[PDB]
Amino acid sequence: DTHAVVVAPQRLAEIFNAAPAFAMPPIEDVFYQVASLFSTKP
Amino acid sequence: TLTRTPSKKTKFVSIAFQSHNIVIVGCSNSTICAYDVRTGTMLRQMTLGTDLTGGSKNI
Amino acid sequence: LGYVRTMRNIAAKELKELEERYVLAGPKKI
Amino acid sequence: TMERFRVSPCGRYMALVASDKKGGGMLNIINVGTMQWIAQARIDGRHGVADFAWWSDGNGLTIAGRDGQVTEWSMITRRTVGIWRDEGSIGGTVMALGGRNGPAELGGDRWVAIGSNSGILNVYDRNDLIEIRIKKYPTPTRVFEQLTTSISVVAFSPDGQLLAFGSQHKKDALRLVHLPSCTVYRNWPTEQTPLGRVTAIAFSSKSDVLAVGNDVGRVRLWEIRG
Amino acid sequence: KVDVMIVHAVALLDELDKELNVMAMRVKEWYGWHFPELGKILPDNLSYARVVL
Amino acid sequence: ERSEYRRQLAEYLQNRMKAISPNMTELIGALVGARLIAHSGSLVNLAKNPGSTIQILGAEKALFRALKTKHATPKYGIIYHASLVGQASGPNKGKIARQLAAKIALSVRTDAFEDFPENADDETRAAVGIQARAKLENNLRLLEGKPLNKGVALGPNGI
Amino acid sequence: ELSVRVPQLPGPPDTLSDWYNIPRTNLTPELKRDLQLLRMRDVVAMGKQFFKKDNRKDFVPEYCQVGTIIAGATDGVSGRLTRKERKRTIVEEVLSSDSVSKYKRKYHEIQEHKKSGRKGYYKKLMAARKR
Amino acid sequence: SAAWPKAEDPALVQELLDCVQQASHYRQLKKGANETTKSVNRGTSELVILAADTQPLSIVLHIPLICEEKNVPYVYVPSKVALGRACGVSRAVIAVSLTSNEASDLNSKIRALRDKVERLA
Amino acid sequence: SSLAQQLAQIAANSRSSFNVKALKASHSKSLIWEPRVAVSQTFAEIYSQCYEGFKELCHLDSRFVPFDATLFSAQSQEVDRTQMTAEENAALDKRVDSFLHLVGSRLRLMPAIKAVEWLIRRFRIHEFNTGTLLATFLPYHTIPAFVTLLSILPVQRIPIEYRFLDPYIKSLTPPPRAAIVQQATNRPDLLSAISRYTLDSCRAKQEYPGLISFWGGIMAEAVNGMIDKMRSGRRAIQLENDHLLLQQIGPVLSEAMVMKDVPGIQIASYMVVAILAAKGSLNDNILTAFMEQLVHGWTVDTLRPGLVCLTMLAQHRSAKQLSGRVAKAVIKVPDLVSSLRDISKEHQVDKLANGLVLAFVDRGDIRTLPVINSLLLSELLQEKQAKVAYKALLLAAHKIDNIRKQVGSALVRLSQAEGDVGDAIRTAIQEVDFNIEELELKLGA
């Protein structure tokens, strides 16, 4: 059985603050970064 | 000289080898130390309690 | 504290030089 | 003395720490039904045995001594299964041991939590001790450094979901920790939660009620609801 | 690897910057008798020496 | 001709600095690294310095004047003309000077005492410098992206 | 060609526009000693050279700049201070000059004239009465 | 490896960390590699304890050179986290340096402890 | 001072200048030129420079040619916006909002900045369309052009949602993403305004990846901070906070999940749904609503991100089975099991695969048997999930009243499976205590 994923918001703020809105990686790559951050795999 | 104890009051009273590289020494401060001869290191310090039959707490 | 540390470094160097000069001025041998 | 003891969860045995420190502590193990000595488990330390805990199946026991050495000692073979070290503990103070679905040959308890005299409480997943060989230097699942004074009480939930650990020497120094996530709950206790100087804690049998008793002599009860 | 070349090369670099600045100012005053407005047009002394060339 | 020789001397200084100390060259660059080696005398003589010393190498006149007259000491020395302390502005300049001097002390100790199997690529010989520069640029952009103070937004009435 | 501007919107003058930008006085303690010396330069040359009595309430001007005489090309054997006489301030030059004993002599004459009858005199009179 | 005056005996390691904790309460302790280097260079340092669990071990290897030049005893403990929460820090401290004064029970403990370190060497 | 308050509201609501110094200041506010030059500029000079800029923009992109006729016209040199009626002003506002949505993609370029300078210096867009102009410059909040727009903006003309910008107008520095995100978590109006701007652009198909990445990042971090605020521990307050979060979010995600033509905003809405399903402990019916709309919404371009977000949504549910249409469109998915192995290398697809097998078994259709066989031999389920799935398959075989031929073929293949799945299936046979050979010879005879 699983629970709710706990993630400190500074990591997600680093994910999005790595670059400006223009000249950011494409949204598939940023989605895989956010999903691997919120993935509950040990 | 392989090693020496930190406490100067530790006297080595008996010695016997478990294998080719592991030396088991008894001491006067209630310990049985198990040194390793090649690097001179210490595997484990077995200990024994007080003697509760008389005085002289160090076995 | 910073001022006392600099003055202590200077005074320790003076003590080392003066003790070296005092030893150089003035059952040992078997 | 007979002050510190632990009865096994099966109820058959009871272990008493023998008051003989001398660089290593022993504890005499007594059959409960006949009140007779049946075994003795001796560990090497500096001041003896900080705490210990029976395994959940009831056979062995894990003895955490002072100066960091923790020892799993079985009852079947009646000698030491293994010795490992808490991470950087300059001296242990308390230990607790809980959960389910752990390693089958180490009692079947999942989590061990060891609180030192500095204030730091390490929580280890006991499936990470098995390398029967025990790793001599396991790494913690989580190191809790929230409390600043020495950890005096530690208690797992009987279903193995909560972990309450507290220090006596500060007013309202008690924290409550989820498992397996190992996250300190931030909404409780608050600034105005009347804990006191926490001396003993106890979870209920269905783990619905936390009881906290302080140094003044007042028990207070909290329903746990998820 | 030895660093005596590092300390000698950076002392040489500082002295070369000083001597190059003074020789460039000297060729500015030395060609300003024949063409003075070039020193106001070109403030970069390397390009000034290149134009004098 | 003097300018052409000075340019090739700068290129030689860069190549010799990437040969000697790849970590520090990956941190601050060859010219500021050569200035630090010059003031300390040698690489193993720079490596015995604390990070607070490497912060104010070169600003020693103002440092000892301030220490002897109980003034406020200088915030940085040779480190000011590096790249990574020049992007900051305000007090974040002094904060980045502290952090950069500490990472320079670590990188100089690594480049002066660590051994390598001699079939070691430069990309793994400058590993501490690469990691320290990436972490330090992240800390710089956090310090620069610290937001300003909130205020009460007032209407035309003053309400 | 034509770029977005940089918006740069966020008392007494710093430099005088009519006097080729003399900077405002950084009123250091050494410059304050120098300005006190300049208002007391009649006393420094002890009567050998008197000066124009300019006595404002504030001796520190608003705009100053501490400079050094370089060189007259016509005179360079005796109109040139040597290396052991080119000092940092003006007060250091006054102290390195002579007649410091003359200042001390005049100061001790003033001190005797001002201790002439004040309170040690009355302590001595009271002791001579009590004896 | 390069940590040759290693303190491997756990009794001696416990004695070293207990004296570190007592000096930390006496405020007679310098924590960190830079502060340790400053105390050893200034010569106020009586004993210096490095840690061998440093992941680049070469960032504390300069302190053996200054201790060989200034004749102070240095020793290596196993765990930097143990050294850190022995000082009372809640961080990992890789080098610590404990100083001396005029008259203390702590100074007597320092003299006995550097005698034990000289027994290791 | 009630009269001074009424007159202050009148003076703030007034729009046209009425004295010469006010006209000179309002004409002085510009993007490109400094104020000392921009005071003394007629509307022929500005139109010449900014029409060169619009000629460059109209040669770059094709769709500026209606604005060539209506906004950048030689007659539009002369039109005063404050002298036309309310419907003329509203139609001009619609034309300006359409141009700003169109020009938002190229706004780092000096032609587009010259065109925006024409709108600002003729139609006074910084005073009359402050919302759309500030929203279209918000994805570029790290640039000096945003610093200049922030400099020339009037203070009381900004909407209430963008009043975090006041210290960045008092000290001319670009605001950070931390400030924008923190005001988005605190105010629902700013998040609704950003999402409304980008959805109103994306319905007109004038999207660009900078805007899509901007909105996706700020709604992700805003939903993150909003969940961390909404969490309370009290049951009724966390129920009401989950309801308020869904009522503030639901229209935006319900449109951006099924916007088929814009796969970038679809993937960004998938990112927001993944954060909302992982971190916020929601209910099973809400998660089936999200899964059903994602299943209705995907394309081929967002199929693998949709499957990642579907694994997270199905993993964080308390129920065991999927609600129908989810399993129907995952039947329609081309390479299900190989894609799920590529996801299960990083994401733990077990509960999705278990619910998929149960929802396929609950169908009496017999065109799902290759998918059931592949999902069973996949090594994706656990031993208990595989055992209860095979038990439900044999119970469906007992419940059926051809069909049984394909069922028995699948059952004999699953019994003669090779590895640990076959071990667990034969163990499931041994614990349901029913013989293989009965149905074996029944289907073989």
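The letters A, B, C, D, E, F, G, H and I name the chains in turn, as written, and every chain counts its residues from 1.
Here is the rule we go by: a residue touches a chain if its C-beta (ideal position, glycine included) is under 8 Å from a C-beta of that chain, and two chains touch if they have at least 3 such contacts.
Colleague: Which chains, if any, touch chain B and chain F both?
Modeller: Neighbours common to chain B and chain F are H.
Colleague: What pair of chains is linked by the largest number of C-beta pairs in contact?
Modeller: A-I
Colleague: Compute the distance, rounded to whole Å, between the mean C-alpha positions of chain C and chain D.
Modeller: 56
Colleague: Quick one: report the Å distance separating chain G from chain I, using the average Cα coordinate of each chain.
Modeller: Each chain reduced to its C-alpha mean, chain G and chain I end up 75 Å apart.
Colleague: As a quick test, compute the distance in whole Å between the mean CA positions of chain C and chain H.
Modeller: Centre separation, chain C to chain H: 25 Å.
Colleague: Counting in whole Å, what is the centre-to-centre distance of chain C and chain E, each centre being its mean C-alpha position?
Modeller: 50
Colleague: At which residue positions does chain A touch at least two other chains?
Modeller: Each of 6, 17 in chain A touches at least two other chains.
Colleague: Spell out, as numbers or ranges, the residues of chain I touching 2 or more other chains.
Modeller: 171, 177-178
Colleague: Check each residue of chain C and list the ones that touch at least two other chains.
Modeller: Residue numbers touching two or more other chains: 5.
Colleague: Could you list, by residue number, the parts of chain F that touch chain C in their complex?
Modeller: The touching residues are 64, 67-68, 70, 73.
Colleague: For chain F, which residues are in contact with chain E within the complex?
Modeller: Those in contact with chain E are residues 2-3, 5-6, 9-10, 12-13, 16-17, 19-20, 31, 34-35, 37-38, 41-43.
Colleague: Applying the document's contact rule, which stretches of chain D touch chain H when the two form their complex?
Modeller: Touch list, chain D to chain H: 46, 67-68, 87-90, 116, 118, 120, 145.
Colleague: If we count contacts the way the header does, which residues on chain D are in touch with chain B in the complex?
Modeller: 20, 22-24, 26, 42, 44, 83
Colleague: Once bound in the complex, which stretches of chain D touch chain I?
Modeller: Counting only chain D, the residues touching chain I are 187-188, 225.
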